[PDB]
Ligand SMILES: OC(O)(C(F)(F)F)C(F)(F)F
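Listed next as structure tokens is one chain, alone, in the form solved without 1,1,1,3,3,3-hexafluoropropanediol (FAC).
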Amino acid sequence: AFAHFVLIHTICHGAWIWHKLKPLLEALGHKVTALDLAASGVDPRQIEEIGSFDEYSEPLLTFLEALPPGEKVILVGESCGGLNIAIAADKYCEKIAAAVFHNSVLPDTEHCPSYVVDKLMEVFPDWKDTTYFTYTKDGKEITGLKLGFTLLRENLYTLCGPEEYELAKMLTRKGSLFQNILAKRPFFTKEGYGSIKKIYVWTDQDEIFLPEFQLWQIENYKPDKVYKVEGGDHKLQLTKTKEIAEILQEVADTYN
């Protein structure tokens, strides 16, 4: 079967991390949309204009709103992208055939929206040469960050080529986890987000979303299906592009 995949990047990244996976999925016959979220990739906004993870998710929400009745997509979110999936699923669950988490955070419905992020910051507290700043938006102080080049090299793009790591130094932009905003956000709902099919893809070789964090998430909120990719790194759509496309073909064949 063929599906319409909507690939969702993580904070500080853009559609560009999917540049190897998107042609591979199209060569299997799939339709693929790779979005730039707010203030991400070549989106015109700067991060200081964005006051929450929900505002950050506007390109994804606008995309789903534009789908005609009856058209369903499979959302694919990497790293912090699981939070965009959860926000989207609480507004457009009828339009989501399934959600695939790719070395991704997996929010739940029983604890606050920041819960899994608070746990990630406990398991991985040192983001090395990453710099931080603050800005004010809608009466709240938001902590912005710019991913450090050594963190990018060693923990996110560990086994990626020098030309792939070069794209990350050139294209990663200022972003935010909006952690304190997620902590006061209304919980994700059981009827929206809780109802969607959730496929969790990961590798135990991920150097930032470590096995203790990812196995903790799998135990916290049981996925419908789990795929473990052997080897690779945190950016599996770059180091294991073929294996991710094979898993996504199986999801397209299982969930519609």
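Throughout, we count residues from 1 along the sequence that is shown.
A second form of this protein, the form solved in complex with 1,1,1,3,3,3-hexafluoropropanediol (FAC), is not displayed here; the remarks below concern that form.
**Q** Taking 4.5 angstroms as the cut-off for heavy atoms, does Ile11 touch 1,1,1,3,3,3-hexafluoropropanediol (FAC) in the deposited bound form?
**A** Output for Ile11 is yes: heavy atoms within 4.5 Å of 1,1,1,3,3,3-hexafluoropropanediol (FAC).
**Q** Should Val123 be counted as a contact of 1,1,1,3,3,3-hexafluoropropanediol (FAC) in the deposited bound form, where contact means heavy atoms within 4.5 Å?
**A** The answer is no: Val123 has no heavy atom within 4.5 Å of 1,1,1,3,3,3-hexafluoropropanediol (FAC).
**Q** So, in the deposited bound form, is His234 in contact with 1,1,1,3,3,3-hexafluoropropanediol (FAC) at a 4.5 angstroms heavy atom limit?
**A** Result yes; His234 sits at the interface with 1,1,1,3,3,3-hexafluoropropanediol (FAC) in the deposited bound form.
**Q** Just to confirm, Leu61 within 4.5 Å of 1,1,1,3,3,3-hexafluoropropanediol (FAC) in the deposited bound form by heavy atoms?
**A** Heavy-atom contact with 1,1,1,3,3,3-hexafluoropropanediol (FAC) at 4.5 Å: absent for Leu61.
**Q** Pick from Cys112, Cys93, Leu145, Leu171: which has a non-hydrogen atom within 4.5 Å of 1,1,1,3,3,3-hexafluoropropanediol (FAC) in the deposited bound form?
**A** If I apply the 4.5 Å criterion carefully, the residue I get is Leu145.
**Q** Between the options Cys160, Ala89, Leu106, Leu177, which residue brings a heavy atom to within 4.5 Å of 1,1,1,3,3,3-hexafluoropropanediol (FAC) in the deposited bound form?
**A** Selected option: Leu177.
**Q** Please determine, with the chain shown alone, which of 77 to 85, 133 to 141, 163 to 171, 182 to 190 has non-hydrogen atoms within 4.5 Å of 1,1,1,3,3,3-hexafluoropropanediol (FAC) in the deposited bound form.
**A** Result of the contact check: 77 to 85.
**Q** Would you say all of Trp127, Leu156 and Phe209 touch 1,1,1,3,3,3-hexafluoropropanediol (FAC) in the deposited bound form, counting a heavy atom within 4.5 Å as a touch?
**A** Every residue of the spot touches 1,1,1,3,3,3-hexafluoropropanediol (FAC) in the deposited bound form.
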